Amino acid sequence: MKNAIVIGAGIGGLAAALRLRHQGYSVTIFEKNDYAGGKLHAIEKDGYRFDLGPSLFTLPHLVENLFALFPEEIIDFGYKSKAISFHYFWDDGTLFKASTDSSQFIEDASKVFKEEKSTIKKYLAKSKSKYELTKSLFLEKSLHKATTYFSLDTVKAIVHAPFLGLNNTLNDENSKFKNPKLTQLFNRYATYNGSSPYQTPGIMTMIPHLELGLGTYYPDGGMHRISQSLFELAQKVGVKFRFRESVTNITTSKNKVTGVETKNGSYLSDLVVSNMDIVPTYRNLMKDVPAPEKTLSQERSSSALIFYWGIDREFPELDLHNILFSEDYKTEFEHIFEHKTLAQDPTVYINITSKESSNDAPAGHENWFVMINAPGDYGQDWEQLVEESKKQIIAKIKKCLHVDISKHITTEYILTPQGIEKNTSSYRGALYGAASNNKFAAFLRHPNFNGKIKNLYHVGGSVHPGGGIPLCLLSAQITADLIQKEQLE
């Protein structure tokens, strides 16, 4: 039986390992940290639990597909569907509580924004058709097509560009709404891959379909249960783990992978699958191999700055997912992507899992995950940025919720783009690999195979097909399909 080594226990690596296991490989995952899940990590601090990374759960069938590979194993993983997606607030007092029932969303949005129902209806149906077309056409495509060098392979993208909105920006399509608050609400979806609504293509209007047509869910135990259930499953089906052991080099011979090295020794495998960020994969682990320099130089997605606050009271106006919109979104993104700094009026996301699992906070308290969009680390003075952002975020919460939250903070943890970078070796602290700030960027990501080194594969959020849970999971599926194909040949 052949063996595979997976470099990193992120969601992509865990998924890949599970798939290779199902195929019959023996599998070992190396992890630099003393925990599994990478960005899907959690902490418990002074009476509060916090998810550290992903907070939004859509497309739960993609996780279930992994359990389905091992129908006999007993893994407790469940989730519920929510009636409400997000609460949205603005400085002028406007609040929109957004239903996951599309009929109710359209009616509510119509009244709250004084906007024609037909406009909202047509937009959501177009968002749906975009998703289904993109899924059918690009995410379900077969792997028949092969070759010795890199290729574009998407005349279909050009056929369908007018319908998908590939030649305009997200904001071009979102500016159809008359109320600018509604334009803003839908421009927010550019953050779902760390891009700007003013640059990312119009195909991204499909993103709200995920949470508004397909459901918004909450897993039992919070988001941490996603990586941990998968870790538990992996361990039960025989995947081996080497924790606190960073891979330092990927070994080859005669242009085929032979295994990896760590500070502790060398290990051989028939296959290597890296779940490490593609930049240090080349820069650090393949120092003797020629790097695809343009791929590695693609613009980096945005990062984040997060404050985790225990809060000594309740806010009945807040649900699980809440947004306090900046009064000037265009400036917000300009700072982030053009100047690598922070605008003074931020869009603040407040996530509160204690609304779903009351054990996540003391009785009558809340566990606030408080996040603003942020540039990656390019040498800024992060100490000053954090100090400044804190005061602006507190100012934002006074404008929108009419409370001085500083009187209620009982404990604080902070995560910056430096912390993000250190935690998981994500280059620049970018949350989603390369940004998607033009129509080529998706088609310019590193593939899941490697054209120089046979039997070396790549999985996760910095490579094809993209950042975020659903796409990282597809990364692993595609990687495993490739390998099975190669076996058959």
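Note that residue numbering begins at 1 and tracks the sequence as displayed.
Once the C-alpha B-factors are averaged per stretch, 218-226 and 149-157 rank with 149-157 first. When the C-alpha B-factors of 372-380 and 75-83 are averaged, 75-83 comes out higher. When the C-alpha B factors of 312, 132, 334, 172 are read from the deposited coordinates, the top value falls at 334. Ranking 347, 205, 301, 266 by the C-alpha B-factor listed in the PDB entry places 266 at the top. Per the deposited record, the Cα B-factor of residue 17 falls in the lowest third when ranked against the other modelled residues of its chain.
Sort the modelled residues of the chain by CA B factor and residue 474 lands in the middle third.
Per the deposited record, the Cα B-factor of residue 482 falls in the highest third when ranked against the other modelled residues of its chain. Compared with the other modelled residues of the chain, the Cα B-factor recorded for residue 62 ranks in the middle third. In the deposited entry, the Cα temperature factor of residue 33 sits in the bottom third of values across the chain's modelled residues.
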